[PDB]
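Data first, discussion second: the structure below is written as structure tokens.
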Amino acid sequence: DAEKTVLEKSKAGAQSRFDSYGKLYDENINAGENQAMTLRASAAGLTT
Amino acid sequence: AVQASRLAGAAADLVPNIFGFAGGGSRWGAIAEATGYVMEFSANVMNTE
């Protein structure tokens, strides 16, 4: 029974790693990362 | 601040500066130069930001 506790409570750690990585994946680019893209690209349009 | 500084210098430059028997001396391009300086500075500030 104690060995069962070891296994399932390590599984809680694996679940926390899995869901945290999925949360980083689904929202891959936040509001700041694309803001830099738009800002950087606006500088390219001044050449003409 | 740089945009105001360059516009002020451009406007203050078009008045003639040599007088008497020779006149003029006002550089006609100063407004286009000021628009160029401020518009090339803009790119650098957007890269910093």
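Numbering starts fresh at 1 for the residues of each chain in the structure tokens, the chains themselves are lettered A, B, ... in the order given, and ligands are numbered from 1 as they appear.
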
Give me, as a list in words, the contact residues of chain B against chain A at a cut-off of 7 Å, counting only C-alpha atoms.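 That gives the following set of residues: residues 43, 46 and 47 of chain B.
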
Store the residues picked out above, limited to C-alpha atoms, as a short mmCIF file (atom, residue, chain, number, x, y, z; two decimals), in the first residue's frame.
data_model
loop_
_atom_site.label_atom_id
_atom_site.label_comp_id
_atom_site.auth_asym_id
_atom_site.auth_seq_id
_atom_site.Cartn_x
_atom_site.Cartn_y
_atom_site.Cartn_z
CA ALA B 43 13.91 53.31 -37.39
CA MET B 46 11.82 51.40 -33.03
CA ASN B 47 14.70 48.91 -32.93
#

In chain B, DSSP alpha helix (DSSP H) residues written as number ranges by chain: B: 2-13, 30-48

Generate a file of the selected residues that holds N, CA, C and O atoms, formatted as a CSV table (one decimal), in the first residue's frame.
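Now in again_31.csv:
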chain,number,residue,atom,x,y,z
B,2,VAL,N,14.0,65.1,-30.6
B,2,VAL,CA,14.8,65.3,-31.7
B,2,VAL,C,14.0,65.8,-32.9
B,2,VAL,O,14.4,66.5,-33.8
B,3,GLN,N,12.7,65.3,-33.0
B,3,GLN,CA,11.8,65.8,-34.1
B,3,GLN,C,11.6,67.3,-34.0
B,3,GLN,O,11.7,68.0,-35.0
B,4,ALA,N,11.4,67.8,-32.8
B,4,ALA,CA,11.2,69.3,-32.7
B,4,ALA,C,12.5,70.0,-33.0
B,4,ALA,O,12.5,71.0,-33.6
B,5,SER,N,13.6,69.4,-32.5
B,5,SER,CA,14.9,70.1,-32.8
B,5,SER,C,15.2,70.2,-34.2
B,5,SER,O,15.7,71.3,-34.7
B,6,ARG,N,15.0,69.1,-35.0
B,6,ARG,CA,15.3,69.2,-36.4
B,6,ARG,C,14.4,70.1,-37.2
B,6,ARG,O,14.8,70.8,-38.1
B,7,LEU,N,13.1,70.1,-36.8
B,7,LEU,CA,12.2,71.0,-37.5
B,7,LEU,C,12.5,72.4,-37.2
B,7,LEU,O,12.4,73.3,-38.1
B,8,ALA,N,12.9,72.7,-36.0
B,8,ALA,CA,13.2,74.1,-35.6
B,8,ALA,C,14.5,74.6,-36.4
B,8,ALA,O,14.5,75.7,-36.9
B,9,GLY,N,15.5,73.7,-36.5
B,9,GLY,CA,16.7,74.1,-37.2
B,9,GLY,C,16.4,74.3,-38.7
B,9,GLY,O,16.9,75.2,-39.4
B,10,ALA,N,15.5,73.4,-39.3
B,10,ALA,CA,15.2,73.5,-40.7
B,10,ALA,C,14.5,74.8,-41.0
B,10,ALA,O,14.8,75.6,-41.9
B,11,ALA,N,13.5,75.2,-40.1
B,11,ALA,CA,12.7,76.4,-40.4
B,11,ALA,C,13.6,77.6,-40.2
B,11,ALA,O,13.5,78.6,-40.9
B,12,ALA,N,14.5,77.6,-39.2
B,12,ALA,CA,15.4,78.7,-39.0
B,12,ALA,C,16.5,78.8,-40.0
B,12,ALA,O,17.2,79.8,-40.1
B,13,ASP,N,16.7,77.8,-40.9
B,13,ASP,CA,17.7,77.8,-41.9
B,13,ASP,C,17.4,78.5,-43.2
B,13,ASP,O,18.2,79.0,-43.9
B,30,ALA,N,16.8,72.2,-46.9
B,30,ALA,CA,16.8,72.0,-45.4
B,30,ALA,C,15.6,71.2,-44.9
B,30,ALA,O,15.7,70.4,-44.0
B,31,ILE,N,14.4,71.5,-45.5
B,31,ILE,CA,13.2,70.8,-45.0
B,31,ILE,C,13.2,69.3,-45.4
B,31,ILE,O,12.8,68.5,-44.5
B,32,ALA,N,13.7,69.0,-46.5
B,32,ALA,CA,13.8,67.6,-46.9
B,32,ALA,C,14.9,66.9,-46.1
B,32,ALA,O,14.7,65.7,-45.7
B,33,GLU,N,16.0,67.6,-45.8
B,33,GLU,CA,17.0,67.0,-44.9
B,33,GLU,C,16.5,66.7,-43.5
B,33,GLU,O,16.8,65.7,-42.9
B,34,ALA,N,15.7,67.7,-42.9
B,34,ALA,CA,15.1,67.4,-41.6
B,34,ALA,C,14.1,66.3,-41.6
B,34,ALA,O,14.1,65.5,-40.7
B,35,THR,N,13.3,66.2,-42.6
B,35,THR,CA,12.4,65.1,-42.7
B,35,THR,C,13.2,63.7,-42.9
B,35,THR,O,12.8,62.7,-42.3
B,36,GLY,N,14.3,63.8,-43.5
B,36,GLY,CA,15.1,62.6,-43.6
B,36,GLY,C,15.8,62.2,-42.3
B,36,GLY,O,15.8,61.0,-42.0
B,37,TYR,N,16.4,63.1,-41.6
B,37,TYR,CA,16.9,62.8,-40.3
B,37,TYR,C,15.9,62.3,-39.4
B,37,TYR,O,16.2,61.3,-38.7
B,38,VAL,N,14.8,62.9,-39.2
B,38,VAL,CA,13.8,62.4,-38.3
B,38,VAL,C,13.2,61.1,-38.7
B,38,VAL,O,13.0,60.2,-37.9
B,39,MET,N,13.1,60.8,-40.0
B,39,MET,CA,12.6,59.5,-40.4
B,39,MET,C,13.6,58.4,-40.4
B,39,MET,O,13.1,57.2,-40.3
B,40,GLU,N,14.8,58.6,-40.6
B,40,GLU,CA,15.9,57.6,-40.3
B,40,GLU,C,16.2,57.4,-38.8
B,40,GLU,O,16.5,56.3,-38.5
B,41,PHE,N,16.0,58.4,-38.0
B,41,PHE,CA,16.1,58.2,-36.6
B,41,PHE,C,15.0,57.3,-36.0
B,41,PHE,O,15.2,56.5,-35.2
B,42,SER,N,13.7,57.6,-36.5
B,42,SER,CA,12.6,56.7,-36.2
B,42,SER,C,12.9,55.2,-36.3
B,42,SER,O,12.5,54.4,-35.4
B,43,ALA,N,13.6,54.7,-37.3
B,43,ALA,CA,13.9,53.3,-37.4
B,43,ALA,C,14.8,52.8,-36.2
B,43,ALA,O,14.5,51.8,-35.7
B,44,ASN,N,15.8,53.6,-35.9
B,44,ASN,CA,16.6,53.3,-34.7
B,44,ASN,C,15.8,53.2,-33.4
B,44,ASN,O,16.0,52.3,-32.6
B,45,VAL,N,15.0,54.2,-33.2
B,45,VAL,CA,14.2,54.1,-32.0
B,45,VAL,C,13.3,53.0,-31.9
B,45,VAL,O,13.1,52.3,-30.9
B,46,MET,N,12.6,52.6,-33.0
B,46,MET,CA,11.8,51.4,-33.0
B,46,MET,C,12.6,50.1,-32.8
B,46,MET,O,12.2,49.2,-32.2
B,47,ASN,N,13.9,50.1,-33.3
B,47,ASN,CA,14.7,48.9,-32.9
B,47,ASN,C,15.0,48.9,-31.4
B,47,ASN,O,14.9,47.8,-30.8
B,48,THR,N,15.3,50.0,-30.8
B,48,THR,CA,15.6,50.0,-29.4
B,48,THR,C,14.4,49.6,-28.6
B,48,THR,O,14.5,48.8,-27.6
